[PDB]
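Below you'll find only one chain, the form deposited in one PDB entry, shown as structure tokens.
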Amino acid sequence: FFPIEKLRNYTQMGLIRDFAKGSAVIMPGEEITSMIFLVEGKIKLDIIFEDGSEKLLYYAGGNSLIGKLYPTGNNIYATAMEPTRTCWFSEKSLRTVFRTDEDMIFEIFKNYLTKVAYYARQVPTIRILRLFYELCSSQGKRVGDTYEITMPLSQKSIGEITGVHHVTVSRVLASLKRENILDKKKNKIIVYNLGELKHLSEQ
């Protein structure tokens, strides 16, 4: 959420806007010039790329600060997941805030430094499947009605090879295990359903 709690002390200088569940906080194509402080509730923020596709950007919760003051070239469609109270801060109202409390300039800076640092630090599932299939058909040994690949292939290495975030890699492997397709142990990979693994990798 990247909470900025101190901002609650200054909502009287912004404009309070309440949104019912499901109602749009930010309309598609809408032009936002205010920062949006989430005082209570939850908001889903999808992004809209130019072809027309729609992808979840991030959620926002209590004390989150979203919105913007100037154009960015990202089209945002934001939706209230529950009754939600917001406070909108134009550039003018932020000047008023800052003139009352200089430290609020740095509270907002810290928030955005922290945000940038997270995303930078973080900086497809089909690729993991392709890797396992390649490994199996090439290096897999038949042991009963399973294939075994002898290889210490850590979750981290899989991520570094396929260009996939560590969290998605854990998800994929848990899913492959849950569906009785493949079990990835420490020293071994055991393929239970080569047919389904292969099919899945050709997506």
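Residues that one form lacks are left out of the comparison. Numbers follow the displayed sequence, beginning with 1. Between two forms, the rigid core is the largest collection of C-alphas that superpose within 1.5 Å.
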Is there a break between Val123 and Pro124, and how many deposited residues does it span: none, 1 to 3, 4 to 9, or 10 or more? 4 to 9
Mean Cα B factor from the PDB record: higher for 42-50, or higher for 144-152? 42-50
Looking only at C-alpha temperature factors in the entry, 165-173 or 133-141, the higher average sits in 165-173
Scanning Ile158, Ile32, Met27, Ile36 for peak Cα temperature factor in the entry gives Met27
Going by the entry, which of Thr114, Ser90, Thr72, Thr86 has the most elevated CA B factor? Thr72
Of the three thirds of its chain by CA temperature factor, lowest, middle or highest, which one includes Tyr119? highest
Sorting the chain's modelled residues by C-alpha B-factor and splitting them into thirds places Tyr77 in the highest
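What comes next is about the form deposited in another entry, which does not appear here.
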Can you tell which of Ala80, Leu129, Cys87, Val97 moves its Cα by 2 Å or more between the shown form and the other one, with the two forms laid on the rigid core? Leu129
Rigid core aligned, does the Cα position of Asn9 differ by 2 Å or more between the shown form and the other one? no
Threshold 2 Å Cα movement between the shown form and the other one at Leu176, rigid core reference: yes
Can a Cα shift of no less than 2 Å be assigned to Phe19 between the shown form and the other one, given superposition on the rigid core? no
Distance change of 3 Å or more between the C-alpha atoms of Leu45 and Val167 in that other deposited form: closer or farther compared with this structure? farther
Relative to the form shown here, do the C-alpha atoms of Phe49 and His166 sit closer together or farther apart in that other deposited form, given a change of 3 Å or more? closer
Looking only at residues found in both forms, which runs of 3 or more have C-alpha shifts of at least 2 Å between the shown form and the other one after a core fit? 124-202
